[PDB]
Amino acid sequence: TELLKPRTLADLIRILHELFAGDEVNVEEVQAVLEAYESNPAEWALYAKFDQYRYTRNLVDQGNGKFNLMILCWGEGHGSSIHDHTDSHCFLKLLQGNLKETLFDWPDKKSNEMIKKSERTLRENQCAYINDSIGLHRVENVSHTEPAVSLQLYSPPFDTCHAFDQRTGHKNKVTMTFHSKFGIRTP
Ligand SMILES: [Fe+2]
């Protein structure tokens, strides 16, 4: 329950280990610390590996199996589908550029179009939080000129999240994969 400003991404990763030592998690302490790290591109550029057609997930640290810490690279116009988070804590800090998170309601079992609950446009260094009991979201880099990089930490770690047909609400199970791990590109 001691939180200092993390000098560096590596300092950040150490603090996050201390916070995730136990069984439970204090969601606001994790989020305060992410927001406290000033984005420093020289420290994370290794992991900012872009693909031209969709956003990539670059694993930075496995958190002794209590959380995945990854960085996501969004090419301008890249978006996720609408997804849940497998009953998990999900933190998203912007390291560069801007993303637009659109919050949706869990659809009812009718084949009816999901409609936006709210939206908000995250700017650099802000850290947002979502979990399944808040709703489904969809992050997008709607910029046409600038890429986005975001830092994200999920606990527990999960490989599979669901994708939601926006018109129907029908879900499909999707399996997350990694563009790189620890700076190393994994096909
Ligand atoms: Fe998400």
field: Efficiency of FRET from Cβ geometry, residue 2 and residue 100, R₀ 22 Å, rounded to 0.05
entry: 0.05
- prompt: Longest exposed-loop-site-free stretch of the chain, with trypsin sites (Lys or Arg not before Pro), DSSP loop and at most 11 other Cβ within 10 Å?
  reply: 1-108
field: Within the chain, helix-based [θ] at 222 nm, where runs of 4 or more DSSP H residues each add -39,500 (n - 2.57), nearest 500
entry: -3500 deg cm²/dmol
- prompt: What FRET efficiency, computed as 1/(1 + (r/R0)^6) with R0 = 25 Å and r the Cβ-Cβ distance, is obtained for residue 76 and residue 182, rounded to the nearest 0.05?
  reply: 0.40
- prompt: Which angle from 0 to 90°, rounded to the nearest 10, does the C-alpha axis of helix 9-19 make with the longest principal axis of the chain?
  reply: 80
query: Under 20 Å from the Cα of residue 171, which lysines turn up, not counting those fewer than eight places away in the same chain?
result: 109, 110, 116, 117
message: Please give me the summed charge of the neighbours of residue 8: other residues whose Cβ is under 15 Å from its Cβ, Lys and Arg +1, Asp and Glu -1.
response: 0
task: Could you work out how far helix 27-36 tilts from the main Cα principal axis of the chain, as a 0 to 90 degree angle to the nearest 10?
output: 70
- line: Here the gain from full extension of residue 26 to residue 116, 0.36 nm per residue of separation minus their alpha-carbon distance, amounts to 29.5 nm
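All of the numbers you see were taken from the coordinates with simple rules; none came from a lab. All Cβ positions, even for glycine, are placed from backbone atoms using ideal geometry, and neighbour counts span all protein chains on display.
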